[PDB]
Amino acid sequence: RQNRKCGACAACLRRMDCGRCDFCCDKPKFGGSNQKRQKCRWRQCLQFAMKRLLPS
DNA sequence: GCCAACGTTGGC
DNA sequence: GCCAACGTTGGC
Ligand SMILES: [Zn+2]
Ligand SMILES: [Zn+2]
């Protein structure tokens, strides 16, 4: 694997899923269909996440 | 065995 | 070159 948490940015410090972004809504637990399978947009690490996963 | 989400690629 | 889509995998 590649480490995807720097651990010290506002995204990594965030506690809970936002429950409103495209990735959250897609989670089965939020009622989505699991077609995207990514972590909350607002929990995507600002240093280590692929840039396409950051908020837009 | 489940499952969050990583990591690869077919199709553009 | 890009990413939507989903197969995979580490942690539990
Ligand atoms: Zn979210
Ligand atoms: Zn971070």
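Note that these values count all heavy atoms, side chains included, but never hydrogens, waters or copies made by symmetry. In the text below, chain A, chain B and the rest are named by the order of the sequence lines, each starting its count at 1.
The distance from atom CG of A:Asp26 to atom P of C:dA5 is 10 Å, rounded to the nearest whole Å. Regarding A:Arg1, its CZ atom lies at a distance of 8 Å from the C1' atom of B:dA5, rounded to whole Å. Distance CZ (A:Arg4) to P (C:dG11): 15 Å, rounded to an integer number of Å. For the pair A:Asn3 CG and C:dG11 P, the computed distance is 12 Å after rounding to whole Å. For the pair A:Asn34 CG and B:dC6 P, the computed distance is 13 Å after rounding to whole Å. In this structure, CZ of A:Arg37 is placed 16 Å from P of B:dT8, rounded to the nearest angstrom. Per the geometry, CZ belonging to A:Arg14 stands 13 Å off P belonging to B:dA5, to the nearest Å. B:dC6 atom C1' lies 9 Å from atom CG of A:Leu53, rounded to whole Å.
If you check every strand for non-hydrogen atoms under 4.0 Å, A:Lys36 touches a base.
A salt bridge links A:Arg41 with A:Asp22: at least one charged nitrogen is closer than 4.0 Å to a carboxylate oxygen. A salt bridge between A:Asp17 and A:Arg43 is present, with a side-chain N of the basic residue lying under 4.0 Å from a carboxylate O of the acidic one.
Taking the ring axis of A:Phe48 as reference, the NZ or CZ atom of A:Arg4 does not stay both within 45° of it and closer than 6.0 Å to the ring centre.
Under a 3.5 Å cut-off, the side chain of A:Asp26 and the backbone N or O of A:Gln35 do form a donor-acceptor pair.
Residue A:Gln38 has its side chain nearest to C:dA5 when only C:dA5, C:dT8, C:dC2 are considered.
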